Number of protein chains: 4
Amino acid sequence: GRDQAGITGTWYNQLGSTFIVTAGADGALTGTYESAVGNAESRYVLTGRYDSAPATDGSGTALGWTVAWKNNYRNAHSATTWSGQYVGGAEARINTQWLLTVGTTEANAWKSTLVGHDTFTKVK
Amino acid sequence: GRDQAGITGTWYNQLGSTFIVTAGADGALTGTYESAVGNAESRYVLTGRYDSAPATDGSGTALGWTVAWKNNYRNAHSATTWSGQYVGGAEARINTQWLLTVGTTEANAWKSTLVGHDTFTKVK
Amino acid sequence: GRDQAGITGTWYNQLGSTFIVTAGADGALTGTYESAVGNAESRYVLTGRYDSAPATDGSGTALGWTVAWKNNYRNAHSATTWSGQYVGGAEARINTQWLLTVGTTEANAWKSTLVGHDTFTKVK
Amino acid sequence: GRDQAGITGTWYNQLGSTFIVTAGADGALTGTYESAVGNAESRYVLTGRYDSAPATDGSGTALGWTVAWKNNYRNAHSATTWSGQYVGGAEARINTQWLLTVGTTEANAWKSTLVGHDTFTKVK
């Protein structure tokens, strides 16, 4: 991975959530997510993928990951996926949009999925 | 996983894409995605997570997964995440929404991310 | 409008909701929305815009509209916007994605917005 | 409208786009949008709706609006809808998510719709 080192480490969103991730040379993302907002608590497992050979034209590095909101302490019966890109440099960022789906009855399916955005930085 | 067997197997979306996945008892999703539409070709690795202890109130099972669109044949410098829920039964379904992010320059970041929806079935 | 007549009329989504709209030659959409699902009841006012000079290359006609979920009978303190395109022909369709935002406290803002999709047809 | 005066006026997003709007007492939004980014130029008409009787529990005021990207100078054959809420006070904000749909062939429909977010302020 060109940005395997850039991505690997700890990231913080604008809400104080904490995203610890290892980027493998094959394109794997693996780590933990600790949410600061919502119906979550400790750490949760995360897995995802990233482009391990990004364009060198100054473009960002596409990636995404999933957290299922079940751990030893909570089950929210829901999952969030983040889709975004890593932008390296002095103020490195991971810019994302996310989809959070809650398990629902078929009658409530139309309102199963929230959408939002998170900006992750290396500081805070 | 309660629906570890329900989820594990091959799924087909309304476009003919093919989603082969193994659901682990710990909540891991792992498999391959073969797209029928877009700037993709063979199989791509996928990883994700699911709720391995869904509510038994008839609600669906939340899950999501990521594909980075890089394999031995293509690099689209992009990643898609699907967020949705598995609904078991005679006409089992995985109902999803997805976010596709393309690596972009900062000037083009505002248009980096497509949104869509996929319905997966066990047939077709 | 090239599809001013194509768009103008009554549309039904996969849920049984009813969308009655007039497309003006200037690009205005105006009408009423009657929801079949959710925390809504009678008709609600809708307004929006459409491309009154679509490409003739077989492409669809971009449009969108908003409903605020307040009428004489209900106030859900929320608004939905549909973004999509009209596809003419024997099986004419309006294919959309929508965002539903609920008024929230700042603490709950991160979960203010649902995302979904609706397909509208001239029949049902 | 409780926030008819709060909403009415000029708003600027983080990109420098300019959103001039009048909120009617019936819940109408009408105005112009002048984009600073993308394939747009001068002003474009906008119309939308807002909740003219928001909850007084400190919650925001739900609203949305549509711009079709056609004016006397440009036709992008596309439309954007913003869905969000107005938050009053010393640092008043309109927090939104948006969907931009481009008219496409049926073969390209799956990639017709971009998603993003805009934060509007009274300054800048």
Side-chain angles (χ1 to χ4, degrees), chain A residues 3 26-30 33 44-55 57-71 75-87 89 93 95-110 112-115 117, chain B residues 3 26-30 33 44-55 57-71 75-87 89 93 95-110 112-115 117:
Chain A
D3 289 313
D26 59 335
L29 298 177
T30 78
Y33 200 91
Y44 301 79
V45 171
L46 77 82
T47 184
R49 306 283 299 165
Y50 78 106
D51 174 5
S52 49
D57 67 359
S59 286
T61 298
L63 49 68
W65 68 91
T66 305
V67 170
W69 295 106
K70 179 184 181 287
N71 67 10
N75 194 344
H77 305 302
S78 53
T80 299
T81 64
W82 291 257
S83 179
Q85 57 183 318
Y86 160 87
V87 192
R93 301 243 152 159
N95 298 314
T96 71
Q97 315 213 42
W98 51 257
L99 294 169
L100 187 171
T101 304
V102 184
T104 69
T105 57
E106 274 310 75
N108 290 327
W110 69 271
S112 65
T113 306
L114 294 165
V115 63
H117 50 94
Chain B
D3 289 313
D26 59 335
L29 298 177
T30 78
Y33 200 91
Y44 301 79
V45 171
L46 77 82
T47 184
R49 306 283 299 165
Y50 78 106
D51 174 5
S52 49
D57 67 359
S59 286
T61 298
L63 49 68
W65 68 91
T66 305
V67 170
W69 295 106
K70 179 184 181 287
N71 67 10
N75 194 344
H77 305 302
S78 53
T80 299
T81 64
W82 291 257
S83 179
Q85 57 183 318
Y86 160 87
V87 192
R93 301 243 152 159
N95 298 314
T96 71
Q97 315 213 42
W98 51 257
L99 294 169
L100 187 171
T101 304
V102 184
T104 69
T105 57
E106 274 310 75
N108 290 327
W110 69 271
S112 65
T113 306
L114 294 165
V115 63
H117 50 94

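Numbered from 1 within each chain, the chains take letters A, B, ... in sequence-line order. No hydrogens, no waters, no symmetry mates; every other heavy atom, side chains included, goes into these values.
Heavy-atom distances place no part of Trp69(A) under 4.5 Å from chain B, backbone and side chain included. Contacts of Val87(A) with chain B are made by side-chain atoms alone, with heavy-atom separations under 4.5 Å and no backbone atom involved. At a 4.5 Å heavy-atom cutoff, the contact between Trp82(B) and chain A is made by backbone atoms alone. Only the backbone of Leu63(B) comes within contact range of chain A, with heavy atoms under 4.5 Å apart.
Residues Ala62(A) and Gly103(B) share a closest heavy-atom pair of CB-N, 4.1 Å. Looking at every heavy atom in both residues, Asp51(B) comes nearest to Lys70(A) through OD1-CD, 3.6 Å. For the pair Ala79(A) and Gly64(B), the tightest heavy-atom approach, listed with the atom from each and the gap, is CB-N, 4.2 Å. Taking every heavy atom of both residues into account, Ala53(A) and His77(B) meet most closely at O-CE1, 3.0 Å. For the residue pair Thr81(A) and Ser83(B), the shortest heavy atom distance occurs at OG1-CB, 3.6 Å.
Between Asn95(A) and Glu106(B), the closest side-chain pair of non-hydrogen atoms falls below 4.5 Å.
Note on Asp57(B), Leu46(B), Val45(B), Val67(B): by heavy-atom pairs under 4.5 Å with chain A, the leading option is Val45(B). Highest contact tally toward chain A, considering only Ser78(B), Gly58(B), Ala55(B), is held by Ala55(B) [criterion: heavy-atom pairs under 4.5 Å]. Taking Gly84(A), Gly48(A), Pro54(A) one by one and counting their heavy-atom pairs under 4.5 Å with chain B, the maximum is reached by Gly84(A). Taking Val115(A), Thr105(A), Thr30(A) one by one and counting their heavy-atom pairs under 4.5 Å with chain B, the maximum is reached by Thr105(A).
Separating the CG atom in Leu29(A) from the OG1 atom in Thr47(B) is a distance of 9.0 Å, to the nearest 0.5 Å. In this structure, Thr66(B) OG1 and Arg49(A) CZ are separated by 9.5 Å, a value rounded to the nearest 0.5 Å.
A donor-acceptor contact under 3.5 angstrom links the side chains of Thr104(B) and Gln85(A), judged on distance only.
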